[PDB]
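A short write-up of the structure that comes next.
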């Protein structure tokens, strides 16, 4: 099949600066009608691809003027004149010239924005979960930038290891921030043997590490 | 306003079959060639099959030819994908796809546009069991209050396979919602949280309900999230 190679695969861009994505094809995308069926798509997380450009350079209806396409033969370029927050996601070139239609691997556009300290929130386990014999304690770091953050769990001042998992959202399409969940999992027995549950957060935007904690039985 | 809605994604044991559906609306279905395309890390975006507007001709990708069947029922505005002899590498999100432009309604012009996509339906092929989630409140309190903001949520724990969806107050609350990517636990079951930020002052005046849907287990849970007085 036709192979499309995108470069780069990760494209960090400052808000308001231009972005350029390369798509190279294993063979000329000129079809026997003399036209070139090279499209560009926009995919947001949990969303389907959305076509932005068709036949190399034609903007779809409703697509902002900041998106443009060029190239010929085997070499194509998508340009974003000024990256806006809503431009975060993965961009794919697609060829329909030589069936089957094939896609490049995707280029992930990441926005570089100003430093934003996380808000830090902690949630005790529910009584409903404790009746099932397990305690999940959740720490939320909300709307921060950059992505790099350290979360440490302390139980009665004991640093925990190997009993928590983290998840990080994709970059927000409005404010270009990340959010992070950290879930500490204990048995009901271990949970009810200790008093103080604490989430300690380190981030560039914080002037010193932030602790959010609760005492079991107060909450 | 062409719209496509896929159904049927589930966990399938290796070697077994699954039929997907796509309900078409907002366009004259019988005037369009219709496709299936899937997406996974292993495959990237991969075209699978097309059926012509008149249903006479079908074409298939090498990887699925002889295992997958595309068909259409115009009276039901429905496209089908019968997937037989499923393999681990068929694990993917499956999309229904068509085009706005049917100028040249024959091979190969219906591969040119590919600009109408459904929402996708997830197919998991593994030797494992389907399990519906437990849904627990992440109760707001002083400990989930920071300046002008409070957080609350739902923990959607111990389900398989992906995915789950979470709405808040049946879609009345969308601002400040973050539904986290699922993480695979040591048990081989997924867990995620869905959180929403609200004004700090709002705690104790408002009802919050997370609406959780795990289509693969046919599980639906509405969970009321009430503050902890602490």
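Protein chains in written order, with our numbering: chain A, 1 to 219; chain B, 220 to 449. Positions of the beta carbon are idealized from the N, C-alpha and C atoms, including for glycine.
Cβ of residue i within 9 Å of any chain A Cβ
| i | result |
| --- | --- |
| residue 227 (chain B) | no |
| residue 363 (chain B) | yes |
| residue 251 (chain B) | no |
Closest residue to residue i among the options (Cα-Cα distance)
| i | options | result |
| --- | --- | --- |
| residue 195 (chain A) | A:93, A:127, A:218 and A:207 | A:218 |
| residue 166 (chain A) | A:178, A:155 and A:156 | A:178 |
| residue 442 (chain B) | B:354, B:308 and B:277 | B:354 |
| residue 204 (chain A) | A:214, A:150, A:171 and A:193 | A:150 |
| residue 404 (chain B) | A:141, A:119, A:136 and A:148 | A:136 |
| residue 225 (chain B) | B:296, B:273, B:413 and B:359 | B:296 |
Residue i at chain D interface by Cβ criterion, 9 Å
| i | result |
| --- | --- |
| residue 429 (chain B) | This model lacks chain D altogether; the protein chains it does include are A and B. |
Inter-residue spacing [alpha-carbon to alpha-carbon] between residue i and residue j
| i | j | result |
| --- | --- | --- |
| residue 298 (chain B) | residue 401 (chain B) | 30 Å |
| residue 280 (chain B) | residue 123 (chain A) | 48 Å |
| residue 434 (chain B) | residue 36 (chain A) | 41 Å |
| residue 134 (chain A) | residue 191 (chain A) | 8 Å |
| residue 204 (chain B) | residue 237 (chain B) | Since the first residue shown for chain B is 220 and the last is 449, residue 204 (chain B) is missing from the structure and cannot be characterised. |
| residue 143 (chain A) | residue 101 (chain A) | 38 Å |
| residue 116 (chain A) | residue 109 (chain A) | 19 Å |
| residue 263 (chain B) | residue 366 (chain B) | 43 Å |
| residue 139 (chain A) | residue 334 (chain B) | 40 Å |
| residue 275 (chain B) | residue 243 (chain B) | 19 Å |
| residue 269 (chain B) | residue 74 (chain A) | 26 Å |
| residue 322 (chain B) | residue 428 (chain B) | 48 Å |
| residue 285 (chain B) | residue 34 (chain A) | 33 Å |
| residue 426 (chain B) | residue 361 (chain B) | 17 Å |
DSSP state of residue i mapped onto helix, strand, coil
| i | result |
| --- | --- |
| residue 189 (chain A) | helix |
| residue 390 (chain B) | helix |
| residue 85 (chain A) | helix |
| residue 129 (chain A) | helix |
| residue 250 (chain B) | helix |
| residue 295 (chain B) | helix |
| residue 423 (chain B) | coil |
| residue 34 (chain A) | coil |
| residue 154 (chain A) | strand |
| residue 329 (chain B) | helix |
| residue 263 (chain B) | strand |
| residue 12 (chain A) | strand |
| residue 195 (chain A) | coil |
| residue 75 (chain A) | strand |
| residue 434 (chain B) | helix |
| residue 60 (chain A) | coil |
| residue 362 (chain B) | helix |
| residue 377 (chain B) | strand |
| residue 166 (chain A) | strand |
| residue 65 (chain A) | coil |
CB contact below 9 Å: residue i versus chain B
| i | result |
| --- | --- |
| residue 23 (chain A) | no |
| residue 99 (chain A) | yes |
| residue 39 (chain A) | yes |
| residue 64 (chain A) | no |
| residue 227 (chain A) | Only positions 1 to 219 of chain A appear in the structure, and residue 227 (chain A) is not among them; the question remains open. |
| residue 140 (chain A) | yes |
Exposure label - residue i; buried when at least 16 CB within 10 Å
| i | result |
| --- | --- |
| residue 93 (chain A) | buried |
| residue 453 (chain B) | Any answer about residue 453 (chain B) is impossible in this case: the structure gives chain B only from 220 up to 449. |
| residue 374 (chain B) | buried |
| residue 257 (chain B) | buried |
| residue 309 (chain B) | buried |
| residue 250 (chain B) | exposed |
| residue 332 (chain B) | buried |
| residue 208 (chain A) | exposed |
| residue 104 (chain A) | buried |
| residue 159 (chain A) | exposed |
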